[PDB]
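Participant: Okay, handing you the structure first.
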Ligand SMILES: [Ca+2]
Ligand SMILES: [Ca+2]
Ligand SMILES: [Ca+2]
Ligand SMILES: [Ca+2]
Ligand SMILES: [Zn+2]
Ligand SMILES: [Zn+2]
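Protein chains in written order, with the entry's author numbering: chain A, 0 to 89; chain B, 0 to 89.
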């Protein structure tokens, strides 16, 4: 696979690794999303150690209002983080 | 870096690799977009060999109407292709 193709498979992989832990296997619940950020975005995002922060991140991400982050929402999250990095480091 | 972090860096890298070739160093013109898809998405998307296909792809991802693909628009493109790969495997 190319570098881009690899990167895409890696986004699918990490989503599944966290979404399948509990409840809906295809959605991130707040605790799944917290572990994903803390473990996998430890350099791009401040560690989450407060319920209020987990809450705010889900509120921000959850466009369909079911209190979970689905794959489309996770893509949007990936784009906002990646964009932030893009901008920040130039 | 985590696999997710490395993937995000990979998106910014490839984008810069192609956007930097001609004209606007920070946006993809049609020629740069065609070569990105052809070289970097050769295992996920059919090879582009017709002007009308690159025209149509650009029209599709060019949401601000400048005839180029900026990083934000490239991220929506990445999300489209990733989603398709996701579905494909399932
Ligand atoms: Ca879940
Ligand atoms: Ca949701
Ligand atoms: Ca360019
Ligand atoms: Ca545009
Ligand atoms: Zn899935
Ligand atoms: Zn840039």
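Even for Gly, the Cβ is constructed at its ideal location relative to N, Cα and C.
Does the count of Cβ pairs from the region 53 to 71 of chain B and the region 10 to 27 of chain B closer than 8 Å reach three?
Facilitator: Flag = yes, the region 53 to 71 of chain B and the region 10 to 27 of chain B touch.
Participant: Can you tell which of A:1, A:3, A:40 and A:2 has its C-alpha closest to the C-alpha of residue 13 (chain A)?
Facilitator: Answer by Cα proximity: A:40.
Participant: Using a Cβ-Cβ cutoff of less than 6 Å, which residues in the same chain neighbour residue 25 (chain A) once the five nearest sequence positions on both sides are dropped?
Facilitator: Hits under 6 Å: 18.
Participant: Going straight from the alpha carbon of residue 81 (chain A) to that of residue 38 (chain B), what length do you get?
Facilitator: Near 22 Å, if we compare the C-alpha coordinates of residue 38 (chain B) and residue 81 (chain A).
Participant: Does the beta-carbon of residue 73 (chain B) have 16 or more other beta-carbons within 10 angstroms, so that it is buried, or is it exposed?
Facilitator: Result: buried.
Participant: Using Cβ-Cβ distances below 9 Å, what residues of the region 28 to 58 of chain B are close to chain A?
Facilitator: Correct list: 35, 38, 39, 40, 41, 42 and 43.
Participant: What first and last residue would you give for the alpha helix (DSSP H) that runs through residue 7 (chain A)?
Facilitator: First-last of the alpha helix (DSSP H) with residue 7 (chain A): 2 to 18.
Participant: Does at least one heavy atom of ligand 2 sit under 6 Å from the Cβ of residue 23 (chain A)?
Facilitator: No, ligand 2 has no heavy atom inside 6 Å of this Cβ.
Participant: Just verifying my parser: in three-state terms, what is the DSSP assignment at residue 44 (chain B)?
Facilitator: Correct three-state label for residue 44 (chain B): coil.
Participant: Nearer than 6 Å: is that true of the beta carbon of residue 31 (chain A) relative to any heavy atom of ligand 2?
Facilitator: No; taking the cut-off as 6 Å, the Cβ of residue 31 (chain A) has no heavy atom of ligand 2 nearer than that.
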